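Below you'll find the structure, written out as structure tokens, and then a few comments.
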Amino acid sequence: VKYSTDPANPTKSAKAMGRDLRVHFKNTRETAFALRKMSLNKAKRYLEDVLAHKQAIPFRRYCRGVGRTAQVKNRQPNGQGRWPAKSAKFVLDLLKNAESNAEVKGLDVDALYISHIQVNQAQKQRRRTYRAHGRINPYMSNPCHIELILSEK
RNA sequence: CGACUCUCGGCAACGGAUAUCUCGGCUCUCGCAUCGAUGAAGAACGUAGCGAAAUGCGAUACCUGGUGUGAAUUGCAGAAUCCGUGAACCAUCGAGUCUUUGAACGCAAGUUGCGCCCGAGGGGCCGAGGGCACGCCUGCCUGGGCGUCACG
Ligand SMILES: [K+]
Ligand SMILES: [K+]
Ligand SMILES: [K+]
Ligand SMILES: [K+]
Ligand SMILES: [Mg+2]
Ligand SMILES: [Mg+2]
Ligand SMILES: [Mg+2]
Ligand SMILES: [Mg+2]
Ligand SMILES: [Mg+2]
């Protein structure tokens with residue numbers, strides 16, 4: 001499989017991938033943006049804190065109508081942030097896959113950082129909703145593809 | 001320096017255009033003349049070692065028989081067959097079978113409902129199997145009426 005980015009150090013890097021994951025694309029894009037050059041161990045602790053409501057995820061685009069918390073005040077002075085648990089758990093699973101792929105290669109888990117993370121839109125799935133005056137409207141999910149490369153340096 | 005918005009490029013997405021095809025369609029021309037009470041067209045239900053549909057067939061049920069060809073069928077498995085009266089999800093057709101219906105015909109019908117007759121075969125009982133609609137034609141049998149007569 002070809003990712004959108006080459007490792008540039010293919011021997012010293014590990015990758016993980018997920019297609020058509022049933023999690024909101026807009027929520028996962030912000031989660032992926034919050035850990036762009038993060039070290040692997042700090043990324044895991046950050047995502048567990050998000051799961052535990054101790055650290056918020058900053059919502060910069062796709063942010064209209066998002067509350068303000070003060071847990072996100074650093075690196076987002078307006079309080080716009082949230083705690084997307086499903087999008088955090090899905091990324092955590094990918095981080096554990098790439099981590100074990102690195103262990104097979106023998107790269108040390110320490111000094112590993114996310115050199116590439118990407119969320120792309122999957123094909124949408126169809127459901128239905130009913131409206132007043134006998135009308136039917138779409139009721140759609142927005143799944144995503146997630147790509148992840150860990151690198152030593 | 002960063003976020004946001006806009007923009008340019010590279011890669012990845014989304015989507016199914018374009019290109020090349022085509023056991024289909026459309027148009028034209030030719031030949032032939034063959035449905036049914038000997039039950040048609042249509043409808044239903046069944047039928048395979050594994051099938052729902054389509055295709056095929058009818059309790060002989062993806063087939064029996066004859067002829068032809070001549071070694072397959074296959075998705076899986078088991079059987080049969082090979083210098084042979086002999087394989088085939090083969091071709092073809094003269095021999096057969098052909099459930100419930102339907103013009104549909106004992107009477108009906110949102111009913112597998114309600115009758116009558118004959119009868120192999122084992123007085124009566126049990127029978128397998130089969131009959132019993134309407135209109136009409138020729139002939140036939142049994143009849144009706146002083147309608148027209150004849151003789152008693
Ligand atoms: K709000
Ligand atoms: K672009
Ligand atoms: K085309
Ligand atoms: K009745
Ligand atoms: Mg509101
Ligand atoms: Mg409603
Ligand atoms: Mg209504
Ligand atoms: Mg067939
Ligand atoms: Mg009838």
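Note on naming: chains are A, B, ... as they come in the structure tokens, residues start from 1 per chain, ligands start from 1 in the order shown.
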
Kindly provide, as a ChimeraX atom specification, all nucleotide and amino acid residues lying within 8 Å of ligand 8, counting only C-alpha atoms (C1' of nucleotides) and all ligand atoms. /B:55-56,62,89

Since we have the selection now, will you write its residues out, keeping N, CA and C atoms (P, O5', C5', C4', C3', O3' and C1' of nucleotides), as a PDB file, in the first residue's frame?
ATOM      1  P     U B  55     -37.505 -18.486 -17.456  1.00  0.00           P
ATOM      2  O5'   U B  55     -36.615 -19.705 -17.953  1.00  0.00           O
ATOM      3  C5'   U B  55     -35.639 -19.532 -18.970  1.00  0.00           C
ATOM      4  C4'   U B  55     -34.791 -20.766 -19.149  1.00  0.00           C
ATOM      5  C3'   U B  55     -35.534 -22.080 -19.322  1.00  0.00           C
ATOM      6  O3'   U B  55     -36.052 -22.277 -20.624  1.00  0.00           O
ATOM      7  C1'   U B  55     -33.813 -22.378 -17.753  1.00  0.00           C
ATOM      8  P     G B  56     -37.461 -23.023 -20.828  1.00  0.00           P
ATOM      9  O5'   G B  56     -37.216 -24.498 -20.281  1.00  0.00           O
ATOM     10  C5'   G B  56     -36.381 -25.397 -20.991  1.00  0.00           C
ATOM     11  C4'   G B  56     -36.142 -26.682 -20.242  1.00  0.00           C
ATOM     12  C3'   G B  56     -37.350 -27.558 -19.968  1.00  0.00           C
ATOM     13  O3'   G B  56     -37.790 -28.287 -21.099  1.00  0.00           O
ATOM     14  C1'   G B  56     -35.993 -27.459 -18.045  1.00  0.00           C
ATOM     15  P     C B  62     -36.059 -34.328 -12.834  1.00  0.00           P
ATOM     16  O5'   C B  62     -34.833 -34.295 -13.841  1.00  0.00           O
ATOM     17  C5'   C B  62     -33.672 -33.526 -13.561  1.00  0.00           C
ATOM     18  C4'   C B  62     -33.268 -32.698 -14.753  1.00  0.00           C
ATOM     19  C3'   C B  62     -31.796 -32.307 -14.812  1.00  0.00           C
ATOM     20  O3'   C B  62     -31.363 -32.300 -16.173  1.00  0.00           O
ATOM     21  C1'   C B  62     -33.137 -30.358 -14.759  1.00  0.00           C
ATOM     22  P     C B  89     -24.959 -35.157 -18.398  1.00  0.00           P
ATOM     23  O5'   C B  89     -26.341 -34.389 -18.569  1.00  0.00           O
ATOM     24  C5'   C B  89     -26.626 -33.221 -17.811  1.00  0.00           C
ATOM     25  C4'   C B  89     -26.778 -32.010 -18.694  1.00  0.00           C
ATOM     26  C3'   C B  89     -25.669 -31.836 -19.723  1.00  0.00           C
ATOM     27  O3'   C B  89     -26.187 -31.224 -20.905  1.00  0.00           O
ATOM     28  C1'   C B  89     -25.631 -30.022 -18.183  1.00  0.00           C
TER      29        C B  89
END

Quick one: residues within 9 Å of ligand 9, with only C-alpha atoms (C1' of nucleotides) and all ligand atoms, as a list in words? residues 101, 102, 104, 105 and 108 of chain B

For ligand 6, list the contacting residues at 9 Å or closer, counting only C-alpha atoms (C1' of nucleotides) and all ligand atoms, as an mmCIF file with N, CA and C atoms, in the first residue's frame.
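Saved as out_6.cif:
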data_model
loop_
_atom_site.group_PDB
_atom_site.id
_atom_site.type_symbol
_atom_site.label_atom_id
_atom_site.label_comp_id
_atom_site.auth_asym_id
_atom_site.auth_seq_id
_atom_site.Cartn_x
_atom_site.Cartn_y
_atom_site.Cartn_z
ATOM 1 N N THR A 129 -34.460 9.065 7.839
ATOM 2 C CA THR A 129 -35.208 9.739 8.891
ATOM 3 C C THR A 129 -36.521 10.251 8.315
ATOM 4 N N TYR A 130 -37.499 10.443 9.192
ATOM 5 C CA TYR A 130 -38.848 10.817 8.797
ATOM 6 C C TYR A 130 -39.175 12.209 9.306
ATOM 7 N N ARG A 131 -39.808 13.001 8.454
ATOM 8 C CA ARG A 131 -40.110 14.390 8.750
ATOM 9 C C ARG A 131 -41.612 14.603 8.740
ATOM 10 N N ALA A 132 -42.002 15.815 9.116
ATOM 11 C CA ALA A 132 -43.400 16.207 9.106
ATOM 12 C C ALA A 132 -43.955 16.183 7.685
ATOM 13 N N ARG A 135 -42.631 13.277 4.745
ATOM 14 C CA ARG A 135 -41.420 13.439 3.965
ATOM 15 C C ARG A 135 -40.294 12.592 4.543
ATOM 16 N N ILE A 136 -39.419 12.126 3.663
ATOM 17 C CA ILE A 136 -38.259 11.330 4.036
ATOM 18 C C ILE A 136 -37.007 12.144 3.745
#

With 8 Å as the limit and counting only C-alpha atoms (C1' of nucleotides), what residues in chain B lie close to chain A? Please list them as a list in words.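 Therefore, the residues near the partner are residues 3, 4, 11, 12, 13 and 14 of chain B.
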
Please save C-alpha atoms (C1' of nucleotides) of the selected residues as a PDB file, in the first residue's frame.
ATOM      1  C1'   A B   3      -4.244  29.789  14.442  1.00  0.00           C
ATOM      2  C1'   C B   4      -8.114  31.100  10.718  1.00  0.00           C
ATOM      3  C1'   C B  11       0.732  12.977  -3.089  1.00  0.00           C
ATOM      4  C1'   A B  12      -3.648  10.632  -1.187  1.00  0.00           C
ATOM      5  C1'   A B  13      -9.168  10.512  -1.282  1.00  0.00           C
ATOM      6  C1'   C B  14     -14.315  10.961  -3.326  1.00  0.00           C
TER       7        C B  14
END

Please check which protein, DNA or RNA residues sit within 10 Å of ligand 3, counting only C-alpha atoms (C1' of nucleotides) and all ligand atoms, and write them as a PyMOL selection string. chain B and resi 17-21

For the residues in that selection, give me N, CA and C atoms (P, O5', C5', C4', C3', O3' and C1' of nucleotides) as a PDB file, in the first residue's frame.
ATOM      1  P     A B  17     -19.938   7.261 -15.748  1.00  0.00           P
ATOM      2  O5'   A B  17     -19.496   8.279 -16.883  1.00  0.00           O
ATOM      3  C5'   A B  17     -20.016   9.594 -16.942  1.00  0.00           C
ATOM      4  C4'   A B  17     -18.952  10.570 -17.360  1.00  0.00           C
ATOM      5  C3'   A B  17     -18.195  10.228 -18.632  1.00  0.00           C
ATOM      6  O3'   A B  17     -18.889  10.587 -19.814  1.00  0.00           O
ATOM      7  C1'   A B  17     -16.664  10.825 -16.943  1.00  0.00           C
ATOM      8  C1'   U B  18     -13.488   9.667 -21.068  1.00  0.00           C
ATOM      9  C3'   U B  18     -14.722   9.718 -23.070  1.00  0.00           C
ATOM     10  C4'   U B  18     -15.194  10.839 -22.167  1.00  0.00           C
ATOM     11  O3'   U B  18     -14.787  10.050 -24.439  1.00  0.00           O
ATOM     12  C5'   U B  18     -16.688  10.972 -22.021  1.00  0.00           C
ATOM     13  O5'   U B  18     -17.260   9.762 -21.551  1.00  0.00           O
ATOM     14  P     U B  18     -18.788   9.672 -21.129  1.00  0.00           P
ATOM     15  P     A B  19     -15.291   8.964 -25.498  1.00  0.00           P
ATOM     16  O5'   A B  19     -14.051   7.989 -25.678  1.00  0.00           O
ATOM     17  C5'   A B  19     -12.775   8.481 -26.050  1.00  0.00           C
ATOM     18  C4'   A B  19     -11.697   7.464 -25.779  1.00  0.00           C
ATOM     19  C3'   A B  19     -11.938   6.068 -26.323  1.00  0.00           C
ATOM     20  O3'   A B  19     -11.624   5.957 -27.699  1.00  0.00           O
ATOM     21  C1'   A B  19     -11.176   5.928 -24.090  1.00  0.00           C
ATOM     22  P     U B  20     -12.647   5.267 -28.725  1.00  0.00           P
ATOM     23  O5'   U B  20     -12.273   3.724 -28.648  1.00  0.00           O
ATOM     24  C5'   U B  20     -10.930   3.289 -28.809  1.00  0.00           C
ATOM     25  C4'   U B  20     -10.653   1.990 -28.089  1.00  0.00           C
ATOM     26  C3'   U B  20     -11.581   0.829 -28.399  1.00  0.00           C
ATOM     27  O3'   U B  20     -11.235   0.173 -29.603  1.00  0.00           O
ATOM     28  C1'   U B  20     -11.240   0.977 -26.061  1.00  0.00           C
ATOM     29  P     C B  21     -12.340  -0.619 -30.447  1.00  0.00           P
ATOM     30  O5'   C B  21     -13.197  -1.373 -29.339  1.00  0.00           O
ATOM     31  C5'   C B  21     -13.776  -2.643 -29.582  1.00  0.00           C
ATOM     32  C4'   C B  21     -13.985  -3.405 -28.298  1.00  0.00           C
ATOM     33  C3'   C B  21     -15.175  -4.353 -28.266  1.00  0.00           C
ATOM     34  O3'   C B  21     -14.838  -5.625 -28.797  1.00  0.00           O
ATOM     35  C1'   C B  21     -15.003  -3.105 -26.226  1.00  0.00           C
TER      36        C B  21
END

Between atom CA of residue A:103 and atom CA of residue A:14, what is the spacing in Å? 9.0 Å
